[PDB]
């Protein structure tokens, strides 16, 4: 009844319980082995643990649609619903959760200033930021890299990539917390109202921003591109999409990059053999970043909704079934990555990982994310080669999909 026990554990599988929150891929290890797809009543979702299954679902966006990708995990308590009503909150489809025949692709296909030229100049900008930030703290014995640079720089880069004027960054930061906890977390009774207020204000803020940018067609930045495309094809790049993407993209353009950068530095600073290999051969850094993204990426689980009945590896899904694609688990799938739990900085197929998704909705900013992670690690390993982690407890914001340590305490000469 060891398998019987596994089925009960799967029925009860709670992503907010300790094992998932300690290590999502490790918590699903038995399931990769003997119960790869199972339904959790604890959270109303199918759980998909294996590399081939997760990829297969990503590959078919007509059967498995992205509509729930930004859907609020736990239902809003009624008094939260009217806080949102006060702000006339209207978040609907952006890109990552748009569903369509081409309306997803039409909108995607018609919005590229991810050209390498444009990313090249943003790279220069990232490098100036990281040089000056560590100019500030290099003199200290210790620092928490998160608070010195790891969230602030990706945020600034994002604002700059978008056409969005910097202002209160601690305010922008808590806006992002409210959006992610609301969506992917399980806020307690006390917080649900505050989070709703925060989410509502976030919506209102993005409104005022989009309105000012609408009025400055001089502007350059990705949001100015959308605004422009909306004037030409308001069918496709819709006004609600503008407002919805504003708020969604103002978290997504930086938060996963900051979490991932903290994960990578945590990983590499702990394997001293790996770190001096990085210190001695910065050529290895991109391939190392890719192995970090596979091993401990910042997105650990993404979501799909089933639109017609279907089956994957012997399990049939009903129209309306919700699926968790646990990409952390797929990236530790022994069936696809040999010694999957090990940090091998030239695993030759590290890039086959699924942290960026696969197929239609595959992350458009993956190279911005990669670029920021390399510069962080290059700068740090170049100028502080004796960098080491301090003894510390690591804490994680409890949610289903995003993962990175809140602090990264670290010391040197």
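Numbering follows the first chain given and starts at 1.
On mean Cα temperature factor in this entry, is 103 to 111 or 323 to 331 the higher one? In the deposited entry, the stretch with the higher C-alpha B-factor mean is 103 to 111.
Do the C-alpha atoms of 158 to 166 or of 256 to 264 have the higher average B factor in the entry? That would be 158 to 166.
Checking the record values for 301, 96, 138, 292, which has the greatest CA B factor? Across 301, 96, 138, 292, the entry lists the biggest C-alpha B-factor for 138.
Per the entry, which of 238, 183, 283, 296 tops the list for Cα B factor? When the deposited C-alpha B-factors of 238, 183, 283, 296 are compared, 238 is largest.
Among the modelled residues of this chain, does the Cα B factor of residue 20 put it in the lowest, middle or highest third? Answer is middle: the recorded C-alpha B-factor places it there.
Would you mind checking where the Cα B-factor of residue 65 ranks among the modelled residues of its chain, as the lowest, middle or highest third? CA B-factor rank for residue 65: middle third.
Please say which third, lowest, middle or highest, residue 336 falls into when its CA temperature factor is compared across its chain. Within its chain, residue 336 is a middle-third residue by C-alpha B-factor, going by the deposited values.
Report the third (lowest, middle or highest) to which the CA temperature factor of residue 288 belongs, ranking only the modelled residues of the same chain. Bottom third by C-alpha B-factor.
Lowest, middle or highest third: where is residue 346 by Cα B-factor in its chain? Ranked within chain, residue 346 CA B lands in the highest tercile.
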